[PDB]
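Chains A and B supply the protein sequences, listed in that same order. Following our numbering, the numbering of the first sequence begins with 31 at its first residue and continues without gaps. Following our numbering, the numbering of the second sequence begins with 46 at its first residue and continues without gaps. Ideal Cβ placement from N, Cα and C applies to all residues, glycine included. Right, one structure below, let's go through it.
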Amino acid sequence: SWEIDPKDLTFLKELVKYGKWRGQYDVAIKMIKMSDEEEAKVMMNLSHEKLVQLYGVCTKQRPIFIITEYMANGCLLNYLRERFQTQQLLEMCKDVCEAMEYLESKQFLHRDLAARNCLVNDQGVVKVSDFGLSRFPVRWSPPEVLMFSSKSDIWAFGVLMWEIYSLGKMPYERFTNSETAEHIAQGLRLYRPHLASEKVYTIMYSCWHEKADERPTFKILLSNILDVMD
Amino acid sequence: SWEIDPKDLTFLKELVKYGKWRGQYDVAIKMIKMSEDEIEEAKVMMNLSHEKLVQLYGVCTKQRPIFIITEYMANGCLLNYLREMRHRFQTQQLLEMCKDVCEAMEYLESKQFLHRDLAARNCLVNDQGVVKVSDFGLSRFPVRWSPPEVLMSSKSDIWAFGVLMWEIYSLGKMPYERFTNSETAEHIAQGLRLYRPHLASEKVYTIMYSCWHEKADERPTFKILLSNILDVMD
Ligand SMILES: *CCC(=O)Nc1cccc(-c2n[nH]c(NCc3c(F)cccc3Cl)n2)c1
Ligand SMILES: *CCC(=O)Nc1cccc(-c2n[nH]c(NCc3c(F)cccc3Cl)n2)c1
């Protein structure tokens with residue numbers, strides 16, 4: 031049903047690679063080395079405009095391919111660093127939050143939610159991947175992780191907001207992974223970037239309660255982001 | 046690019062028709078009787094993109110008449126699905142139906158599109174139960190779904206969306222069924238509104254009732270409705 035014929039795949043350049051599907055369509059394609067490891071039955075059921083769209087797979091012979099939409103602006107971390115306005119930055123945030131809200135509603139977790147692992151289409155729209163979901167990247171991890179539930183993605187998302195409004199800085203750049211994890215436990219948090227209003231920082235900051243059961247749901251972050259957008 | 050060769054389409058039964066595209070896929074097929082100049086719509090369907098919009102698959106333009114192919118939404122239009130399934134829902138599910146539509150409509154509002162007839166008859170429901178709206182026939186007087194300023198922009202749809210909430214939570218009841226259209230207009234001009242259905246909580250109905258300010262500019266945007274709704278869902 032989703033089985034693509036590699037006859038129909040023309041390969042174009044490493045970046046995971048740019049390719050064409052049936053000669054027409056712009057696609058990105060990935061080639062497994064990892065083992066058997068059931069993921070894609072998640073990708074095949076999940077369905078949201080802010081997730082990287084699955085086009086198909088090549089399993090009927092070896093090695094394996096996954097084909098997705100070509101997000102022509104690449105990864106967000108670079109896109110930030112490569113012109114913006116604070117409303118655009120707030121949409122970028124909205125986009126990720128929608129995806130994550132959807133994922134949250136279906137009891138899934140991202141587990142490495144950062145700007146390098148976000149992705150940007152030709153229309154500037156930011157999407158997240160549904161491949162590799164769960165059901166220790168130090169600077170995106172909450173206290174309870176540095177010593178698997180909804181609220182660690184929330185922490186990660188708070189930092190992603192910081193990442194965005196920073197135009198892509200190394201978060202806590204001053205410190206090592208060790209000092210960062212120490213300092214995080216002291217109560218140190220990320221300082222309000224220049225480009226975020228007080229209203230914005232409040233969203234990102236609400237993600238960083240030392241207690242996971244005080245942090246908002248994506249549900250509420252999205253609600254909070256809608257609110258500011260006017 | 047979106048051109049579908051009608052070789053590859055089957056025409057199984059009316060419902061707009063159900064068919065099979067390329068033999069594999071379920072589809073819906075709309076055949077026009079309107080013009081064959083007013084295609085200019087379809088570029089809008091082609092540029093919009095959102096899960097809560099009935100997804101466009103393609104068209105049959107090269108030859109006559111015209112066809113619009115969309116995804117099959119196996120549970121049909123919403124009004125009938127409320128009534129068929131009246132005893133099967135739970136109040137959390139009714140609110141998701143609201144969320145679904147509010148999402149579509151927020152996207153559309155964020156792109157300056159108006160629906161025109163936002164109402165439970167014109168929404169559709171897939172095998173999953175998810176609710177969607179058509180982006181065909183947008184713009185840039187169904188009496189019961191219309192605000193005061195229509196009966197004599199963005200907030201028009203808002204009013205209609207309130208009645209939509211009332212519809213869902215009412216399990217498909219005719220809004221203002223006591224009254225005729227002429228009556229209904231007076232009572233809306235009097236400030237009478239739609240009462241709170243059994244199944245709607247205070248928070249829910251507050252949200253639906255916020256769509257019906259006499260003053261359009263005092264009505265919320267779909268941004269705030271979705272926020273409101275997301276806010277309630279916890
Ligand atoms: C950061 C380097 C970079 O910009 N890479 C890049 C550039 C353009 C396009 C992509 C891209 N487009 N689609 C994908 N998909 C990745 C992917 C998944 F996330 C999940 C499954 C399969 C794939 Cl191919 N990357 C990347
Ligand atoms: C209202 C009666 C009913 O139940 N109709 C019904 C039943 C099942 C499926 C559909 C359906 N599925 N897709 C569509 N698409 C409608 C459509 C648009 F909204 C816009 C352009 C083209 C089409 Cl076909 N209807 C309806």
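- With a 10 Å radius around the Cβ and a threshold of 16 neighbouring Cβ atoms, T232/A comes out exposed.
- According to the DSSP assignment, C88/A belongs to the beta strand (DSSP E) that extends over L84 to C88.
- A distance criterion of 6 Å places the beta-carbon of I96/A in contact range of ligand 1, judged by its closest non-hydrogen atom.
- 7 Å or more divides the Cβ of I214/A from the Cβ of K124/A.
- For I94/A, there is no enclosing alpha helix (DSSP H), as DSSP gives it neither H nor E.
- Contact fails between the segment 87–96 of chain A and the segment 115–133 of chain A, because fewer than three Cβ pairs, one in each stretch, are under 8 Å apart.
- Using a C-beta cut-off of 8 Å, the segment 263–270 of chain B makes contact with the segment 198–209 of chain B, since at least three inter-stretch Cβ pairs fall below that distance.
- Under the Cβ criterion of 7 Å, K249/A is counted among the residues facing chain B.
- Here the segment 149–161 of chain B makes contact with the segment 173–185 of chain B; the two share three or more CB pairs at distances below 8 Å.
- Contact annotation for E79/A against chain B: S94, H95 and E96 [CB-CB distance below 8 Å, chain order].
- In the three-state scheme derived from DSSP, where H, G and I count as helix and E and B as strand, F158/B is classed as coil.
- If you check the CB distance, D35/A and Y100/A do not come in under 7 Å.
- The beta carbon of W238/A sits closer than 7 Å to those of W185, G188 and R219, all from its chain and outside the five residues before and after it, given in chain order.
- Taking non-hydrogen atoms of ligand 1 into account, the C-beta of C105/A is found less than 6 Å away from one of them.
- Annotation: Cβ neighbours of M259/A in chain B (cutoff 8 Å, chain order): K268.
- Spatial neighbours of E81/B in its own chain (CB-CB distance under 8 Å, excluding positions within 5 residues in sequence) are listed in chain order as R109, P110 and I111.
- Spatial neighbours of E174/A in its own chain (CB-CB distance under 7 Å, excluding positions within 5 residues in sequence) are listed in chain order as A242.
- For the C-beta of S272/B, the chain A residues within less than 7 Å are, from N- to C-terminus, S253, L256 and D257.
- With a cutoff of 6 Å, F161/A counts as near ligand 1, since its C-beta is closer than that to a heavy atom of the ligand.
- Around the beta carbon of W32/A, fewer than 16 other beta carbons lie within 10 angstroms, which makes this residue exposed.
- DSSP places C148/A outside both helix and strand once states are collapsed to three, so it counts as coil.
- For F186/B, the secondary structure class from DSSP, reduced to helix, strand or coil, is coil.
- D260/A sits in coil when the DSSP states are folded into three classes, being neither helix nor strand.
- Sequence-distant Cβ neighbours of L42/A in its own chain, meaning closer than 6 Å and more than five residues away, are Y48 and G49.
- For the options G154/A, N207/A and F178/A, the alpha carbon positioned closest to that of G104/A is the one of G154/A.
- Annotated as distal: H243/B and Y152/B, with beta-carbon spacing of 7 Å or more.
- Between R169/A and the set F178/A, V158/A, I250/A and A145/A, the nearest pair of CA atoms involves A145/A.
- Separation of the CB atoms of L197/A and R111/A is rounded to 7 Å, and the pair is thereby assigned contact status at 8 Å.
- The Cβ atoms of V150/A and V156/A lie closer than 7 Å to each other.
- If you ignore the 5 residues before and after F205/A, its C-beta comes within less than 7 Å of the C-beta of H213, all in its own chain and listed in chain order.
- Looking at the DSSP output, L81/A bridges to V158/A.
- For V99/B, the shortest C-beta to heavy atom distance toward ligand 2 is below 6 Å.
- Take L271/B, set aside five residues on each side of it, and the residues of its chain with a beta-carbon closer than 6 Å to its own are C147 and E151, in chain order.
- A residue is called buried once 16 or more other Cβ atoms fall within 10 Å of its Cβ, and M64/A, having fewer, is exposed.
- Closest in C-alpha terms to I84/B, from the list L124/B, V277/B, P192/B and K107/B, comes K107/B.
- According to the DSSP secondary-structure assignment, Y55/A is paired through a beta bridge with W51/A.
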